[PDB]
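Student: Dropping a structure here in C-alpha cells format, bear with me for questions.
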Amino acid sequence: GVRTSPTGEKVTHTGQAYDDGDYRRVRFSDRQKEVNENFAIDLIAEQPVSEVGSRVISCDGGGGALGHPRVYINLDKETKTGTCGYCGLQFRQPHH
Amino acid sequence: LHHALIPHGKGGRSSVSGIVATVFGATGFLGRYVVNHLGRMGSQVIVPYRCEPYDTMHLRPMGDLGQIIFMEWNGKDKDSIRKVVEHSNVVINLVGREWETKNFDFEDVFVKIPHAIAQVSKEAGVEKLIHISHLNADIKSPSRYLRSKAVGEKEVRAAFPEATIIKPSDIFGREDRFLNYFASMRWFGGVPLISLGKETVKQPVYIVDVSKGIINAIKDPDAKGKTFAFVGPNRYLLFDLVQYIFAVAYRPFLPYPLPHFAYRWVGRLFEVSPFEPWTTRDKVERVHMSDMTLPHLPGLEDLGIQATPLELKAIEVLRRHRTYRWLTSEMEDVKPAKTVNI
Amino acid sequence: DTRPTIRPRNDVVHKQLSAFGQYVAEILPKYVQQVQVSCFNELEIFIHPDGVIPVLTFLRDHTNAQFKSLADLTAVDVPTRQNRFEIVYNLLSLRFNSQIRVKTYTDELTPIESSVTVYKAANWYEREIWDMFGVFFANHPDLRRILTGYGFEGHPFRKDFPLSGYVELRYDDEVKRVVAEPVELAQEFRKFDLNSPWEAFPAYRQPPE
Amino acid sequence: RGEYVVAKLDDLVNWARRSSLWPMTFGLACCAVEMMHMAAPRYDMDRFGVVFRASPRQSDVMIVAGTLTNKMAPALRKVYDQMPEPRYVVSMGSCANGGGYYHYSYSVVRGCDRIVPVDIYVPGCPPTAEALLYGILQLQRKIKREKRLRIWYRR
Amino acid sequence: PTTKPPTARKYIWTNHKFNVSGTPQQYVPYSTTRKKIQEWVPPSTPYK
Amino acid sequence: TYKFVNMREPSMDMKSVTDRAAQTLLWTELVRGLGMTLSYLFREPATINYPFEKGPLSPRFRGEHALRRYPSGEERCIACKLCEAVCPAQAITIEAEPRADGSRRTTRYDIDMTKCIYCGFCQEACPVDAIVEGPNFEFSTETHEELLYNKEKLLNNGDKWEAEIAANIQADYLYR
Amino acid sequence: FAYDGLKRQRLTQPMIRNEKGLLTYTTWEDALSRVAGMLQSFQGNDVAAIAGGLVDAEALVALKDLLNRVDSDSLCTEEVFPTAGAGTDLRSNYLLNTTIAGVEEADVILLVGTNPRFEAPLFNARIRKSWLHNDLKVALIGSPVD
Amino acid sequence: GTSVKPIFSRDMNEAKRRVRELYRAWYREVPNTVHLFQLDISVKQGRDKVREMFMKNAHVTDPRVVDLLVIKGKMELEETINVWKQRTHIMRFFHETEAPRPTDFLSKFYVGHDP
Ligand SMILES: NC(=O)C1=CN([C@@H]2O[C@H](COP(=O)(O)OP(=O)(O)OC[C@H]3O[C@@H](n4cnc5c(N)ncnc54)[C@H](OP(=O)(O)O)[C@@H]3O)[C@@H](O)[C@H]2O)C=CC1
Ligand code: SF4
Ligand code: SF4
Ligand code: SF4
Ligand SMILES: [Zn+2]
C-alpha cells in the first residue's frame, strides 16, 4: 500500500514528504512523482509465519544458489518469532 | 528563511543560493542574460515558456541539471501563471513585444499580463517581484509603447506595493534590435533619420550592467517597493550614434533626412508583412524620442554597479555587421562618439 | 608445477640476469649505484642523474647488451623521498630478448639532460613527463604541452595535485565562449580507507625503525 | 480554417525533418566506433533515410560520442555554433552524458550538456548500436511533436 | 512465453509501459532520504 | 617461424610481360573489382528491421539496472554496501537506516546512469543478487535528470522487468 | 553516543525577536545591527558576559577583549570558584597539578565532594586501574555513592 | 645542501637577464595577438596585465625557481603567436566570468563559514 501527503504527494516507503512550500516540489509539476506502490514493510508482514519444529533452521530463501546466503537463525525465543536477516520472513517453532 | 533555501557553496553552478526565480518571457534578449547570471551561483529558475521547446533549447547550459526547469504557460490563461509561481522566493517579469500582434496588443502585453502575474504572485505568497518598464514610459507620450508601459506600471505598483521596478533607458547588446537595427539600414540605401537626427538624445545601457542590476536588486533587502532606473554613463545625440556605429562597423555612412510623416508611411508599410515586421510606427517615433535626465530615481550605482560605456563594449556586437574588409579592424580606428554631458 | 596456483619461477634467467648485472656494474662504478634483480627475472640499474647518456649509450651500442629499444620512461612521484621524482627508463634487447630498467632520482629543480641523442624515441617521451610531473629536461628540442590543456596550470600527475584539479569549463552565454571556474563537483569523491590494519605479507615488511 | 491548413503545412515540413536528418558523429572515443558499427550492414542508418555527412554545415543532428575534455571543449562548441538550424545534439554514452567513467578526472568536463544543449541523452558504455538507433528513433518522434508553424500562428 | 509462461509474482507489473520520456508521466529524480538537521522550533507567547 | 609477404619474382619471359602489359592496358584487375562488388549486390543484405526485429543478444547481457525482490516480495537489498565499494565509477550512492520492523534496509539506492559504466560488478558484488542489471537498452531520454535513477526508480524497474531477469539469472547462475 | 544531540533543535539562522517579542529568523544584517547599537550606547558594568558549559578558548578570548573594548570586566561563568584567596590568580588552585597520567603512583587519594563515576568517568577509570594494580587507598567524603 | 646545480643561471643577476628580454617579447606581442585573435580588450590592458603575472612571483630568491618560471613563461608566448591557443585560452587569464570575491572580513562572514 501507499499513503498520501497533505499535498497529495504519495509518500514512498522510506517516508519522504516535501513540506508545504519546499520550492524543490516544483520539479514534480507537469510530471509525476515516481513512487513504487508495493511497500516492502507491509508486503512481507502479512506473509504466513513458518511453523517448523526445530531449534535451528536454515533460511536460504528458496533456490539455495539463487537465494541468499544461508543463515542458521535460532528458534528458542518464544516472545517473538525469529526471522532471517536477509529473508525477513519469520520462523516460529510450534510450542517450541 | 526556509531550511531548504539557506544559501551554500562558493556561488558556483552547483552551489545553492536559495533564490527561486520565475523569470517570465526569458526566451528573449535580456531574459537570456539574467538566467545566465541566475545560474552563476545556482538559483533554480522556472522560466515558463510559450514558444516551441526547440527555441528554448539554448537555455539549458546555464545551470546545473534540474536547476533550469521548463514549464508550459499561456498568458491569457489565469491558472497558467499560478502553476509556476507557488514555490518562488522571487518572481521576475520580462514579457514584452516590440511590435503589434493580432493576438496580443501593447496594452495586453504591458498592463494585462503584468498585473495578472503580480496579483497571483502576491496571492501565492511570493516575497519579491521585479517588473521591468521603460525609462521613457510616459502616460501621455506619443508612443503606444511608453503609454502602455506607464499604465501597466501604476497597475503593478498598485497590485504589488513592494514590486521593485526597473526602467532602463535603452538596451544595447548582441541582438538588442537597437544597434543591429541601425546597422540593418544599409540594405535600404541611406539612413532615413528625420531632420538628420540632430534633435534626439539617448543613453544606452549594457546587458551585463542591467542583468547584474537585477540580482543585486534581488539580494538587496531595501529594494522592495523601489523604482530603480538604469542609465548609461554618457548620453549621445541620435545623429551621434548613427555615424559612430556605422564607423565602428566601417559601413558607408549615408545620412539622409526625410519628413516624419513619410517616415511613418514607411513604418506602416513594413507592418503589413505577416511575419515579424522590420520596423513599426511605434519604434519609428520611439527612436527620435529623447530620454529624460531624472536624478531623483535611484540608479544602478546605488546597488553597486558601474555603467559600462557604450564605446567600450561595442566591438563584440558590431563586429558581425562588418565585412571581410573590416572583420579584423580594431576599435582604435574608430573614435568615441561626441558625448553630450549632463 | 606441483602447485598450479603459484606462478613457477625461472632461476636460469634469474642468475644469468644477475651475472649481467655485475657485468655492467664493474664497467661503471662511478654511475651504477645499485643493481637489483627481482623475483620475476627483472633487472634494475639504479643510476646517477648525470648518467642518462653514457649508460643508455652503453646499453645501446655494446656487443654484450644491444639494448636499442626504448620501451618507456616514467616518473614515480614519491613525496617522502627527498628526490620526489624517479625517472625510470625501460630498454629492450632484440638480440637477447631481455628487458633493462634504469632509475634516476630528481627534485623539482634538478634537471635531466635530454636523452634524445641516445634514444630519439624519447623526443615525445619528455613532453608529457614535463607535463604530468614537471621534471624539466635539459638541452631538449621542444618541451611543449601535449597532454594538459593549452595553458593549463600545474603538473597533474604530481601526488599533491587533486583528482578533480582546479578549473572546470562551461559555455558562458554572456561572452559566447567556454570559460573556466574553480571546480565544484556535484558529488565529492567518497574516498575509501581500505588498507587493512593487519599486516600484509611479512616478506617485504619494513625493518624496525 | 487556417489552423487546419497550417497543421498540414507543419506536418509536411515535419515529415521530411524527421526522415532526412544527416548526422555528423563527432568521433571522440570508444562510443564513436559503435556508431560506425551501426553504420555496418547489420543496422544501416541509411535505410531510415540518414547519411553520415561531414562538413557540419550540411548536417542537422550532431552526435557527441565519447568523453569530452577541456582541450576538446572550445572547438567542439564552435562545431555546434556554425552548425545550421535546426540543430540537435545527441549524447552518446555515459562519458558524453555525465562524464561517465572519468567524471572525477581533472581534464574532462562532467557531461557534454555543459557545452551544448543536449536534445537526447542516450545511456550506454558504450550504448549498443541499436540502442543509439533507438535514440535516433526517439529524435524523430520528438521531431514529430513540434508546433513551429502552430506557435507562429498564435504568435 | 506461450509455451514457457513466466513465473507469476504479486509485484510483477501487470501492464507493461513504454518509455515515458518527453511526456507528462516522465520520470523526475528526487532525494529519497529524509531531512536530518531540523531547526530549533521557535517557542511562542511570552517575552522576558 | 615466419614468412615473407612481398618477395615477388616477376618472370621476365615474353609470355608473362604480355599479361603485365595486358593488366595495365586493359584494366583487368580493376574489372576484377567491378565483378567483385557486383557479386556482392546480387547477394542478400543483412540489415535487421529495427524495431520490428532487433539484434541477437545473450542471457548474460548487461543493460539497465533494476533492483529485484524475493518471491515473498521483500527487497533483496540489505544494504551490505558492497556494490558502491567496487563500483568503478562511484555511481552507486546509498545510506542505510533503521526500519520499523528491524529489517533495516536502505532509504537510498541512487545509481547515476550517466556515471555508471555497466561493468556488471554490482551483480557480482551483491551477495543476495539484489542489484542486477536487466536486458533493456531502450531507456534513452531527453533530459539529463531522468538518468539519475533513485531507489524508487530501480524498484519500479525491477518490478517491470522481473519477468525477464528472473529467467536470465535462472539460465546463467550456474555459470556465475 | 551524543552525535544525535548534534541533530536536535539546532540553531541555524540569526534568531531575533519580532514586533511582539518573539524569535524569528532574519538575515545577519539586522542581527549584528541590533547588538552593535545596544553595545555602543551602553558602557561599563551594564554590559557583561556569561560563559556556558562548552565554549572554545577562542571565543572566550575573542570577547574578553571586546568586553574590555567597551570597558567591561564582569566576564562570568556558570561554575563558581571562590575568589577569596588566590582564586584565578594562582594556576595551581584550579589545576590537576599531579596530572591524570600521574595518579597511578599515588597511594592515598582523598576525593572531596565529587562522584567520579559520573563527574569524570574516564578519570574514574584511571583510578580504578591503579586501584587494581598499584593498590592505592581511595577515600571519598560525602554521599555514599558507588 | 647549499651547493646545488645551475639549471640555466648561476646568479639572480642573469635570472632577471632572462626575465628582461622575455618581458620584451612578452611586451612586443600584444598588438599582433590582440589583432589576429580577434578580441575586444585594448592593448594597454593587455600590457598592464602582462605586468600582473610578472608581479605575483616577483618575490622568490632561488635562481633556479625564478628562471623555471622564465621557461614556464617562455612556453606560452609561442603557444599564442603560432595561434595554437584559443580565444578561450587567453580570456582565461582575463578572469571575467566570476563575481568579485570577498576581501573584507565582513564579506567572508556574510557569505559562509569558510576563511
Ligand atoms: N531596448 C529595449 O528593447 C528595451 C526593452 N525593454 C523591455 O524589456 C522587455 C523584454 O525585452 P527583450 O527580452 O529584449 O525582448 P524580446 O522580444 O527579445 O523577448 C520578449 C519576450 O517576451 C515574450 N512574450 C512577449 N509577448 C508574450 C505573450 N503574449 N505571451 C507570452 N510571452 C510573451 C517572448 O516570448 P517569445 O520568445 O516566444 O516571443 C520573449 O520571451 C520588453 O517589455 C521591452 O520593451 C526595457 C528596456 C529597454
Ligand atoms: S561512455 Fe563508456 S564506452 Fe562511451 S566513451 Fe565513455 S567509457 Fe567509452
Ligand atoms: S555496473 Fe554496477 S558496479 Fe559497475 S559502475 Fe555500474 S552500478 Fe557500479
Ligand atoms: S544492492 Fe546488494 S550489494 Fe548493493 S547494498 Fe544492497 S545488498 Fe549490498
Ligand atoms: Zn533467510
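Labels used: A, B, ... for chains in the order of the C-alpha cells, numbers from 1 for residues in each chain, and numbers from 1 for ligands as shown.
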Please identify which residues in chain G DSSP calls alpha helix (DSSP H) from the backbone, and express them as an NGL selection string.
Tutor: :G and (28-41 or 57-69 or 121-133)
Student: Which polymer residues have any atom within 12 Å of an atom of residue A:82, counting only C-alpha atoms, with same-chain residues fewer than 6 positions away left out, as a PyMOL selection string?
Tutor: (chain A and resi 49-52+55-59+71-76+88-93+96) or (chain F and resi 102-103)
Student: Those same residues - N, CA and C atoms - I'd like them written as a compact mmCIF listing (two decimals), in the first residue's frame.
Tutor:
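To be explicit, this is the file written out as again-v4.txt:
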```txt
# COMPACT_ATOMS: atom_id res chain seq x y z
N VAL A 49 3.50 -17.06 8.75
CA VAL A 49 4.61 -17.32 9.65
C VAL A 49 4.93 -18.80 9.60
N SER A 50 6.18 -19.13 9.28
CA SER A 50 6.59 -20.52 9.16
C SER A 50 6.51 -21.22 10.51
N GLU A 51 6.14 -22.50 10.48
CA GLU A 51 6.00 -23.33 11.68
C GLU A 51 6.84 -24.59 11.48
N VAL A 52 8.07 -24.55 11.97
CA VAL A 52 8.99 -25.69 11.90
C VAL A 52 9.43 -26.03 13.31
N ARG A 55 15.20 -26.37 16.70
CA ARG A 55 15.89 -25.25 17.32
C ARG A 55 16.61 -24.38 16.30
N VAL A 56 17.21 -24.99 15.28
CA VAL A 56 17.96 -24.27 14.25
C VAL A 56 17.42 -24.69 12.89
N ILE A 57 17.04 -23.71 12.08
CA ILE A 57 16.52 -23.96 10.74
C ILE A 57 17.30 -23.08 9.77
N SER A 58 17.72 -23.66 8.65
CA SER A 58 18.35 -22.88 7.60
C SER A 58 17.34 -21.94 6.96
N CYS A 59 17.84 -20.84 6.40
CA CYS A 59 16.99 -19.80 5.82
C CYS A 59 17.53 -19.36 4.47
N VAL A 71 21.54 -18.79 6.36
CA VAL A 71 21.80 -18.49 7.76
C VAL A 71 21.24 -19.64 8.60
N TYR A 72 21.59 -19.64 9.88
CA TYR A 72 21.19 -20.67 10.83
C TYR A 72 20.51 -20.04 12.03
N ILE A 73 19.50 -19.19 11.75
CA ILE A 73 18.82 -18.46 12.80
C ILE A 73 18.33 -19.41 13.89
N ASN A 74 18.39 -18.94 15.13
CA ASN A 74 17.98 -19.74 16.27
C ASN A 74 16.47 -19.68 16.46
N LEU A 75 15.90 -20.79 16.92
CA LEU A 75 14.48 -20.86 17.26
C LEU A 75 14.37 -21.39 18.69
N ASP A 76 14.56 -20.49 19.65
CA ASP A 76 14.27 -20.75 21.06
C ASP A 76 13.56 -19.59 21.73
N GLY A 88 13.86 -11.88 6.00
CA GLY A 88 12.83 -11.13 6.67
C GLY A 88 11.59 -11.91 7.04
N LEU A 89 11.27 -12.97 6.29
CA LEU A 89 10.13 -13.81 6.65
C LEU A 89 10.45 -14.60 7.91
N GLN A 90 9.42 -14.88 8.70
CA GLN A 90 9.57 -15.16 10.12
C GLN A 90 9.44 -16.66 10.38
N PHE A 91 10.37 -17.21 11.16
CA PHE A 91 10.29 -18.60 11.62
C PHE A 91 9.85 -18.65 13.07
N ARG A 92 8.89 -19.51 13.37
CA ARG A 92 8.46 -19.74 14.74
C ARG A 92 8.32 -21.23 14.97
N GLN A 93 8.69 -21.67 16.16
CA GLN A 93 8.60 -23.09 16.50
C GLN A 93 7.25 -23.37 17.15
N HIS A 96 7.54 -24.53 20.63
CA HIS A 96 8.95 -24.93 20.61
C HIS A 96 9.09 -26.40 20.21
N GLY F 102 12.78 -3.68 11.94
CA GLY F 102 14.12 -4.10 12.30
C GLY F 102 14.91 -4.68 11.15
N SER F 103 14.25 -5.04 10.05
CA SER F 103 14.93 -5.44 8.82
C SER F 103 15.35 -4.16 8.10
```
Student: Point out the residue among E:35, E:16, E:48, E:9 with the least atom-to-atom distance to chain A, counting only C-alpha atoms.
Tutor: E:35
Student: If the cut-off is 10 Å, can you tell me the residues of chain B near chain G, counting only C-alpha atoms? I'd like them as a count of residues only.
Tutor: 5
Student: I'd like the neighbourhood of residue A:62 as a ChimeraX atom specification, where a residue qualifies if any of its atoms comes within 12 Å (using only C-alpha atoms), though same-chain residues fewer than 2 positions away should be ignored.
Tutor: /A:58-60,64-70,87,89 /F:70-72,128
Student: Store the residues of this selection in a file with C-alpha atoms, as an mmCIF file, in the first residue's frame.
Tutor:
```cif
data_model
loop_
_atom_site.group_PDB
_atom_site.id
_atom_site.type_symbol
_atom_site.label_atom_id
_atom_site.label_comp_id
_atom_site.auth_asym_id
_atom_site.auth_seq_id
_atom_site.Cartn_x
_atom_site.Cartn_y
_atom_site.Cartn_z
ATOM 1 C CA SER A 58 18.350 -22.879 7.596
ATOM 2 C CA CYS A 59 16.993 -19.801 5.822
ATOM 3 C CA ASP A 60 18.390 -19.999 2.290
ATOM 4 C CA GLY A 64 19.830 -22.042 -2.421
ATOM 5 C CA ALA A 65 22.225 -20.958 -5.156
ATOM 6 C CA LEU A 66 19.692 -18.410 -6.443
ATOM 7 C CA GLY A 67 18.582 -17.243 -2.995
ATOM 8 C CA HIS A 68 20.553 -15.508 -0.248
ATOM 9 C CA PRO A 69 23.486 -16.665 1.930
ATOM 10 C CA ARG A 70 22.056 -19.421 4.088
ATOM 11 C CA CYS A 87 14.886 -13.016 4.103
ATOM 12 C CA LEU A 89 10.132 -13.808 6.647
ATOM 13 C CA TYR F 70 12.226 -12.091 -3.132
ATOM 14 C CA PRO F 71 9.355 -14.401 -4.107
ATOM 15 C CA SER F 72 7.714 -13.112 -0.932
ATOM 16 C CA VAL F 128 21.776 -11.601 -2.412
#
```
Student: Any idea what's packed within 10 Å of residue E:31, counting only C-alpha atoms, ignoring anything in its chain fewer than 6 positions away? Could you give it as a PyMOL selection string?
Tutor: (chain A and resi 16) or (chain F and resi 107-110+150-152)
Student: Which residue, H:88, H:82, H:107, H:33, has the smallest gap to residue C:152 when you use only C-alpha atoms?
Tutor: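 Closest candidate: H:88.
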Student: At a cut-off of 9 Å, using only C-alpha atoms, what residues contact stretch 114-127 of chain G? Leave out same-chain residues fewer than 3 positions from it and give the result as a list in words.
Tutor: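 Listed by chain and then number, they are residues 100, 101, 103, 104, 111, 130, 131, 132, 136, 138, 140, 141, 142, 143, 145 and 146 of chain G.
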Student: Write to file, as a compact mmCIF listing (two decimals), in the first residue's frame, the residues of the selection just made, with N, CA and C atoms.
Tutor:
```txt
# COMPACT_ATOMS: atom_id res chain seq x y z
N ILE G 100 46.52 13.66 35.31
CA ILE G 100 45.74 12.42 35.38
C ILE G 100 46.64 11.22 35.13
N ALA G 101 47.60 11.35 34.21
CA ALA G 101 48.53 10.26 33.94
C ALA G 101 49.46 9.99 35.11
N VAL G 103 48.53 9.78 38.46
CA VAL G 103 47.81 9.39 39.67
C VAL G 103 48.08 7.93 40.05
N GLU G 104 48.67 7.14 39.15
CA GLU G 104 48.86 5.72 39.41
C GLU G 104 49.78 5.49 40.60
N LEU G 111 39.12 12.11 47.73
CA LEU G 111 38.15 12.74 46.86
C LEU G 111 37.17 13.56 47.69
N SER G 130 44.61 1.91 38.55
CA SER G 130 45.65 2.00 39.56
C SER G 130 45.20 1.36 40.87
N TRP G 131 43.90 1.41 41.16
CA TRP G 131 43.38 0.71 42.34
C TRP G 131 43.63 -0.78 42.23
N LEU G 132 43.41 -1.35 41.05
CA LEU G 132 43.58 -2.79 40.87
C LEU G 132 45.05 -3.19 40.97
N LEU G 136 46.23 1.36 45.61
CA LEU G 136 46.09 2.61 46.35
C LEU G 136 44.83 2.58 47.22
N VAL G 138 41.65 4.57 48.19
CA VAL G 138 40.73 5.64 47.82
C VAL G 138 39.91 6.04 49.04
N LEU G 140 36.64 8.89 49.86
CA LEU G 140 35.70 9.93 49.46
C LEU G 140 34.80 10.29 50.64
N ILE G 141 34.60 11.60 50.84
CA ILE G 141 33.65 12.10 51.83
C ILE G 141 32.41 12.61 51.11
N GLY G 142 31.27 12.53 51.78
CA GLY G 142 30.02 12.92 51.19
C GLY G 142 29.10 11.73 51.06
N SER G 143 28.17 11.84 50.12
CA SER G 143 27.14 10.82 49.97
C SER G 143 27.77 9.47 49.62
N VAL G 145 28.06 7.28 47.49
CA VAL G 145 27.80 6.93 46.09
C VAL G 145 28.73 5.80 45.67
N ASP G 146 28.27 5.01 44.71
CA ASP G 146 29.10 3.95 44.15
C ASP G 146 30.26 4.54 43.37
```
Student: Which parts of chain A does DSSP call strand (DSSP E) when run on the backbone here, written out as an MDAnalysis selection string?
Tutor: chainID A and resid 3:5 8:11 50:51 91:92
Student: Provide the atom CA of residue B:241 to atom 48 (C, counted along the ligand's line) of ligand 1 distance in Å, to one decimal place.
Tutor: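 Atom CA of residue B:241 sits 16.6 Å away from atom 48 (C, counted along the ligand's line) of ligand 1.
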Student: Check which residues of chain A sit at most 12 Å from chain E using only C-alpha atoms, and return one row each with the closest pair of atoms and their distance in Å to one decimal, ordered by chain and rising number, as a tab-separated table.
Tutor:
```
residue	atom	partner	partner_atom	distance
A:1	CA	E:11	CA	11.7
A:11	CA	E:32	CA	10.1
A:12	CA	E:32	CA	8.1
A:13	CA	E:32	CA	9.4
A:14	CA	E:32	CA	7.0
A:15	CA	E:34	CA	7.2
A:16	CA	E:34	CA	5.7
A:17	CA	E:34	CA	7.9
A:18	CA	E:34	CA	9.5
A:19	CA	E:35	CA	10.7
A:22	CA	E:35	CA	11.7
A:24	CA	E:30	CA	8.8
A:25	CA	E:30	CA	9.2
A:26	CA	E:28	CA	10.6
A:27	CA	E:28	CA	6.9
A:28	CA	E:28	CA	6.8
A:29	CA	E:24	CA	9.2
A:30	CA	E:24	CA	5.9
A:31	CA	E:24	CA	4.9
A:32	CA	E:25	CA	5.3
A:33	CA	E:28	CA	6.8
A:34	CA	E:27	CA	6.4
A:35	CA	E:27	CA	10.1
A:36	CA	E:11	CA	10.0
A:37	CA	E:11	CA	9.2
A:38	CA	E:11	CA	6.9
A:39	CA	E:11	CA	10.0
A:40	CA	E:11	CA	10.4
A:43	CA	E:11	CA	9.6
A:44	CA	E:10	CA	11.5
```
Student: Please, could you write that set of residues out with N, CA, C and O atoms as a CSV table (one decimal), in the first residue's frame?
Tutor:
```csv
chain,number,residue,atom,x,y,z
A,1,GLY,N,0.8,-1.2,0.0
A,1,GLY,CA,0.0,0.0,0.0
A,1,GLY,C,0.8,1.3,0.0
A,1,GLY,O,2.1,1.2,0.1
A,11,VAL,N,3.5,9.3,-0.4
A,11,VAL,CA,4.7,9.2,0.4
A,11,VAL,C,5.3,7.8,0.1
A,11,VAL,O,4.6,6.8,0.3
A,12,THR,N,6.6,7.7,-0.2
A,12,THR,CA,7.2,6.5,-0.5
A,12,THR,C,7.4,5.7,0.8
A,12,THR,O,7.1,6.2,1.9
A,13,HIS,N,7.9,4.5,0.6
A,13,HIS,CA,8.1,3.6,1.8
A,13,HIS,C,9.1,4.2,2.8
A,13,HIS,O,9.0,3.9,4.0
A,14,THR,N,10.1,4.9,2.3
A,14,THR,CA,11.1,5.4,3.2
A,14,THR,C,10.5,6.5,4.1
A,14,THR,O,10.9,6.6,5.3
A,15,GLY,N,9.5,7.2,3.7
A,15,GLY,CA,8.9,8.3,4.5
A,15,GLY,C,9.1,9.7,4.0
A,15,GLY,O,8.8,10.6,4.7
A,16,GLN,N,9.7,9.8,2.8
A,16,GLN,CA,9.9,11.2,2.2
A,16,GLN,C,8.6,11.9,2.1
A,16,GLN,O,7.6,11.4,1.7
A,17,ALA,N,8.7,13.2,2.4
A,17,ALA,CA,7.5,14.1,2.3
A,17,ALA,C,8.0,15.5,2.2
A,17,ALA,O,8.5,16.1,3.1
A,18,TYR,N,7.7,16.1,1.0
A,18,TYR,CA,8.0,17.5,0.8
A,18,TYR,C,7.0,18.3,1.5
A,18,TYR,O,5.8,18.1,1.5
A,19,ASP,N,7.5,19.3,2.3
A,19,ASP,CA,6.6,20.1,3.1
A,19,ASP,C,5.8,21.2,2.3
A,19,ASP,O,6.0,21.1,1.0
A,22,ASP,N,8.6,24.3,0.2
A,22,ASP,CA,9.6,23.4,-0.2
A,22,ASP,C,9.8,23.5,-1.7
A,22,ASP,O,9.3,22.7,-2.5
A,24,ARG,N,11.6,22.9,-3.9
A,24,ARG,CA,12.0,21.7,-4.7
A,24,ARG,C,10.8,20.9,-5.3
A,24,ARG,O,11.0,20.2,-6.2
A,25,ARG,N,9.6,21.1,-4.7
A,25,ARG,CA,8.5,20.4,-5.2
A,25,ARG,C,8.1,20.7,-6.7
A,25,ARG,O,7.5,19.9,-7.4
A,26,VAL,N,8.6,21.9,-7.1
A,26,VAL,CA,8.2,22.4,-8.5
A,26,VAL,C,8.7,21.4,-9.6
A,26,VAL,O,8.2,21.4,-10.7
A,27,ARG,N,9.6,20.5,-9.3
A,27,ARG,CA,10.1,19.5,-10.3
A,27,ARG,C,9.0,18.5,-10.6
A,27,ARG,O,9.0,17.9,-11.7
A,28,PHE,N,8.1,18.2,-9.6
A,28,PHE,CA,7.0,17.3,-9.8
A,28,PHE,C,5.9,17.9,-10.6
A,28,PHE,O,5.0,17.2,-11.1
A,29,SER,N,5.9,19.2,-10.8
A,29,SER,CA,4.9,19.9,-11.6
A,29,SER,C,5.0,19.5,-13.0
A,29,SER,O,6.1,19.3,-13.6
A,30,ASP,N,3.8,19.3,-13.7
A,30,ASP,CA,3.7,18.9,-15.1
A,30,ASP,C,4.3,17.4,-15.3
A,30,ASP,O,4.3,16.9,-16.4
A,31,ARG,N,4.7,16.8,-14.2
A,31,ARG,CA,5.3,15.5,-14.2
A,31,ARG,C,4.7,14.6,-13.2
A,31,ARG,O,3.7,15.0,-12.5
A,32,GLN,N,5.2,13.4,-12.9
A,32,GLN,CA,4.7,12.5,-11.9
A,32,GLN,C,5.8,12.2,-10.9
A,32,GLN,O,6.9,11.9,-11.3
A,33,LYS,N,5.4,12.1,-9.7
A,33,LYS,CA,6.4,11.7,-8.6
A,33,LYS,C,6.4,10.2,-8.5
A,33,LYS,O,5.6,9.6,-7.9
A,34,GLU,N,7.4,9.6,-9.2
A,34,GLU,CA,7.5,8.2,-9.3
A,34,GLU,C,7.6,7.5,-7.9
A,34,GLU,O,8.6,7.7,-7.2
A,35,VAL,N,6.6,6.8,-7.6
A,35,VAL,CA,6.6,6.1,-6.3
A,35,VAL,C,6.2,4.6,-6.6
A,35,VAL,O,5.3,4.4,-7.4
A,36,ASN,N,6.8,3.7,-5.9
A,36,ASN,CA,6.5,2.3,-6.0
A,36,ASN,C,5.3,2.0,-5.1
A,36,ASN,O,5.4,2.1,-3.9
A,37,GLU,N,4.2,1.5,-5.7
A,37,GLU,CA,3.0,1.2,-4.9
A,37,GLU,C,3.3,0.1,-3.9
A,37,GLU,O,2.8,0.2,-2.8
A,38,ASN,N,4.0,-0.9,-4.3
A,38,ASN,CA,4.3,-2.0,-3.4
A,38,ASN,C,5.3,-1.6,-2.4
A,38,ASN,O,6.4,-1.2,-2.7
A,39,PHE,N,4.9,-1.6,-1.1
A,39,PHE,CA,5.7,-1.3,0.0
A,39,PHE,C,6.2,-2.5,0.7
A,39,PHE,O,5.4,-3.4,1.1
A,40,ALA,N,7.6,-2.7,0.8
A,40,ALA,CA,8.1,-3.9,1.3
A,40,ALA,C,7.7,-4.2,2.7
A,40,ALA,O,7.4,-5.4,3.0
A,43,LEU,N,4.2,-5.6,2.7
A,43,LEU,CA,4.0,-6.7,1.8
A,43,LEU,C,4.7,-8.0,2.2
A,43,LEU,O,4.4,-9.0,1.7
A,44,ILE,N,5.5,-7.9,3.3
A,44,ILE,CA,6.1,-9.1,3.9
A,44,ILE,C,5.4,-9.4,5.2
A,44,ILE,O,5.3,-10.6,5.7
```
Student: With only C-alpha atoms and all ligand atoms counted, collect every polymer residue having an atom within 10 Å of ligand 3; state the result as an MDAnalysis selection string.
Tutor: (chainID D and resid 100:101 125) or (chainID F and resid 62:65 82:93 110:126 131:133)
Student: Can you tell me, as a list in words, what residues are no more than 12 Å from residue C:160 when counting only C-alpha atoms, ignoring any on the same chain fewer than 2 positions away?
Tutor: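 The filter keeps residues 77, 78, 79, 80, 84, 132, 133, 154, 155, 156, 157, 158, 162, 163, 164 and 165 of chain C.
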Student: Grab the atom CA of residue A:42 to atom CA of residue A:7 distance for me, in Å with one decimal place.
Tutor: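 For atom CA of residue A:42 relative to atom CA of residue A:7, the distance reads 23.3 Å.
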Student: Can you tell me which residues come within 6 Å of ligand 1 when counting only C-alpha atoms and all ligand atoms, ideally as a PyMOL selection string?
Tutor: chain B and resi 25-31+50-51+75+94-98+104+109+133-134+168+170-171
Student: For atom CA of residue H:12 and atom CA of residue H:27, quote the distance in Å rounded to one decimal.
Tutor: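 Atom-to-atom, atom CA of residue H:12 to atom CA of residue H:27, that is 21.6 Å.
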Student: Taking only C-alpha atoms into account, which of B:10, B:198, B:177, B:76 comes nearest chain D?
Tutor: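 Closest residue, counting only C-alpha atoms: B:76.
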Student: Quick one: everything within 10 Å of residue B:332, counting only C-alpha atoms, minus sequence neighbours fewer than 5 positions away in the same chain. Send it as JSON, numbers by chain.
Tutor: {"B": [248], "H": [42, 43]}
Student: I need the chosen residues saved as a CSV table (one decimal), in the first residue's frame, with N, CA and C atoms.
Tutor:
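Contents of result_7.csv, freshly written:
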```csv
chain,number,residue,atom,x,y,z
B,248,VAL,N,32.3,52.3,-36.6
B,248,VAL,CA,32.8,51.1,-35.9
B,248,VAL,C,32.4,49.8,-36.6
H,42,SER,N,41.6,46.1,-25.0
H,42,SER,CA,42.5,47.0,-25.6
H,42,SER,C,44.0,46.5,-25.4
H,43,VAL,N,44.9,47.1,-26.1
H,43,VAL,CA,46.3,46.7,-26.0
H,43,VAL,C,46.8,47.0,-24.6
```
